[PDB]
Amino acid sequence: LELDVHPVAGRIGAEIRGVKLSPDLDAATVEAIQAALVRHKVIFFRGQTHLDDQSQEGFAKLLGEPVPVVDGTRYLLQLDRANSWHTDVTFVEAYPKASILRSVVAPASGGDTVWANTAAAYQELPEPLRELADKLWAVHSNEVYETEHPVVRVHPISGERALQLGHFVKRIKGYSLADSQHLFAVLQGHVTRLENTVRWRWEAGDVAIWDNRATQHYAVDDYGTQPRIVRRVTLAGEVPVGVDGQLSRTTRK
């Protein structure tokens, strides 16, 4: 089955048209959504005005296992300011594989979200720099969790390698602070290079789904006191596997 798919930016992002999200989508549609997701890293559905809290949660269960919630859902989180580049929850070992985020109230101006393609960012590194990234490990922390992840993760479905960095990174293991800072700045600078990102301007009823294994994202905080309300379901992810087959591991509480 071929969905009606319209790429947004050149290296990440696609709008999918003609699909009404619901718990009742057939297997072919769900499979084609999962494929578009792995390929485009973040996908968008507009005009999902029929999707309510329960229906978002039921749709999400088709994609994976959902992990103070919106009444009465079990898993639906309300957010109403993440203006830092990050991959969700990387201070834990098995961080989410995806989120499904719906716009409930969208500011008339401002309020965008930006995603970065961390697999494209890895691939564009000159070979000796990829080889270096293949060997590095970083400590990610919420400061109380600390987890050591490889800097390069081999995606469990696509096999594409992706940089695992972002705001939760405390330091690159085995380096002085200064070296850690330079090396992070180089690799993270490839992630957020404009060519590797797509920016979405939200309208009420927009839903975005992103592959948290191969992206980072940033919520633009330019909308002042204009209300902004989004609702999110997050899907359980796997323990990252590095290029040499080694696994992430939690090192503190």
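Residue numbers run from 1 along the displayed sequence.
Coverage remark for residue 144: absent from the model in at least one third of the other entries compared whose chains are built on both sides. Among other compared entries that model residues flanking residue 88, every one gives it coordinates, keeping it clear of the one-third cutoff.
Deposited sequence between residue 62 and residue 63: no residues lack coordinates (chain continuous). Unmodelled residues of the deposited sequence between neighbouring positions residue 143 and residue 144 number 10 or more. In this entry, 229-237 has the higher mean Cα B-factor, the comparison being between 7-15 and 229-237. A summary of the deposited B-factors shows that, of 52-60 and 185-193, the stretch with the larger mean C-alpha value is 52-60. Split the chain's modelled residues into thirds by C-alpha temperature factor. Residue 159 is in the middle one. Among all modelled residues in this chain, the alpha-carbon of residue 171 has a temperature factor (C-alpha) in the middle third. Among all modelled residues in its chain, residue 95 ranks in the middle third by Cα B-factor.
When all modelled residues of the chain are sorted by CA temperature factor, residue 86 is found within the lowest third. In the PDB entry, a CA B factor belonging to the lowest third of its chain's modelled residues is recorded for residue 220.
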